[PDB]
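Summary of structural features
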Amino acid sequence: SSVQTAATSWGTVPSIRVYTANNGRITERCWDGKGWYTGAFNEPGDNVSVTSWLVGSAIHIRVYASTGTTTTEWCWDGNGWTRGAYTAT
Amino acid sequence: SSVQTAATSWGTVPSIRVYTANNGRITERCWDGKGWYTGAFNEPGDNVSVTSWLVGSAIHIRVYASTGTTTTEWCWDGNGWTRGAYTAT
Amino acid sequence: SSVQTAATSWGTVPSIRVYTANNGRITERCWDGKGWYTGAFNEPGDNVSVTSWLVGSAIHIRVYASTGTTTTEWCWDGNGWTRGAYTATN
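This write-up is about the structure you can find in this document. (Residues numbered from 1 in each chain as written, not as in the entry; some residues may be left out. Chains lettered and ligands numbered in written order. Heavy atoms only, no water.)

Here the focus is the overall build of chain C. When you go through chain C residue by residue, the secondary structure sums to 0 helices and 8 strands. Taken over C-alpha atoms, the radius of gyration comes to 13 Å for chain C, in line with the 12 Å a tight globule of 90 residues would show. With the C-alpha coordinates aligned to their principal axes, the bounding extent of chain C is approximately 35 × 30 × 15 Å. In chain C, buried positions account for 54% of the 90 residues. Long-range pairs, those at least 24 residues apart, make up 19% of the contacts in chain C between residues at least 6 apart in sequence. Total accessible area on chain C stands at roughly 4,200 Å², and carbon and sulfur atoms take up 47% of it. In chain C, 6 side chains carry a positive charge and 6 a negative one; their mean positions are 6 Å apart. (Helix = DSSP H or I, 4+ residues; strand = E, 2+ residues; numbered from the N terminus. Rg over C-alpha atoms; globule rule 2.2 N^0.38 Å. Buried < 20%, exposed > 50% of the residue type's maximum accessible area, 1.4 Å probe, protein only. Contact = heavy atoms within 4.5 Å. Areas by Shrake-Rupley, 256 points an atom, 1.4 Å probe, with all protein chains shown as cover. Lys, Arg positive; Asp, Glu negative; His and termini not counted. Charge placed at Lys NZ, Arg CZ, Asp CG, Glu CD.)

Below, the structure is given as structure tokens:
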């Protein structure tokens, strides 16, 4: 029926990130005040959720990507996407 | 099969907005501290996500409404819902 | 197909809560800076969304749990999960 999205934003501009699960893969579109561009995030998933927080001006993002019942956390902490410690049980 | 929701909130009261995709249409329920009422947002979609931010006391909301793989951004900036610049590619 | 999740976070640590709808039930995993543990939230639902806000250091969470077209709001205000006033229509 349809793609599934998750969105987060931060700061005053703001920056926005929209994650889209489509056909088994999640990709990312980004707005930093001037226009939309494709982000670095690209991971398997049929479902996605996201949360983010600032430490000063530094953004931290957590993306929860699920296939089946297997949910992987992906972390942005300023220097690339890394696999997080999240486990579902 | 079940309806799909997205939620955002802001301020200290807080205000809450809950968007529900049901049978191809997304509608909005709103809480501003006293009770729930039906909001102005009404757009096609099978899937919904949302983010929001304050500029001072002014709320800005972005709702991402998807059908198929077609995602439309809807913007609240204080003066009605407008179509945003978001594109998926 | 897959499980469906919703996530929220607050504060500087931060605390994170991830809600997962799986096979008709929503459960909660929690991070408070040291590790992940299973939270108190456990309610029926095929779909979940969440929002939260701080009042000072006190967290308030609202989880919207849906089955069919019936959405129930669950509230955390420091003293257990309670059913909220949310209704989907008049």
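Here the narrative resumes.
Before going further, it helps to spend a moment on the interface of chain C and chain B. How big an interface is tends to be stated in terms of the accessible area lost upon association of its parts. At the interface, 22 residues of chain C touch 17 residues of chain B. Surface buried jointly by chain C and chain B totals about 1,400 Å² across both partners, of which 52% is contributed by carbon and sulfur atoms. Applying the counting rule to chain C against chain B returns 0 salt bridges. Where chain C touches chain B, the interface holds 8 residue pairs in polar contact. If you list the elements that add at least two residues to the side of chain C that touches chain B, you get β5 (47-55), β6 (58-67) and β7 (70-76) of chain C. (Buried area = accessible area lost by both parts, 1.4 Å probe. Salt bridge = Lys/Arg side-chain N within 4 Å of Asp/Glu carboxyl O. Polar contact = N/O pair within 3.5 Å; in protein donor to acceptor, adjacent residues only side chain to side chain.)

With that out of the way, let us pick up the pattern of salt bridges. All names here are of chain C. For the structure shown, the criterion picks out 6 salt bridges over all chains. The partner of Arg17 in a salt bridge is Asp32, with the nearest N and O atoms 3.0 Å apart. Of this pair, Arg17 sits in strand β2 (residues 15-22) while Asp32 is found in the loop between β3 (25-31) and β4 (36-44), placing the two residues 15 residues apart along the sequence. A salt bridge links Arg62 to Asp77; the shortest N-O distance between them is 2.9 Å. Within this pair, whereas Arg62 is found in strand β6, its partner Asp77 is found in the loop between β7 and β8 (81-83), the two being separated by 15 residues in sequence. For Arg62, a relative accessible area of 11% gives the class buried. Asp77 sits in the partly exposed class, given a relative accessible area of 38%.

In this section: the relation of the copies chain A and chain B. Of the two same-sequence chains, chain A is brought onto chain B (RMSD 0.1 Å, axial shift 0.0 Å) by a rotation of 120°. The superposition operator between the copies reduces to a three-fold rotation axis. (Least-squares fit on C-alpha atoms.)

Before going further, it helps to examine the packing of aromatic side chains. All names here are of chain A. Counting across every chain of the model gives 23 aromatic pairs over all chains. Plain terms: the ring middles of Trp76 and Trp81 are 5.7 Å apart, the flat faces sit at 55° to each other, and that makes the pair tilted. With a relative accessible area of 23%, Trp76 lands in the partly exposed category. On the basis of relative accessibility, which here comes to 18%, the residue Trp81 falls in the buried class. (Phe/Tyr/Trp six-rings, centres within 6.5 Å; stacked < 30°, edge-to-face > 60°.)

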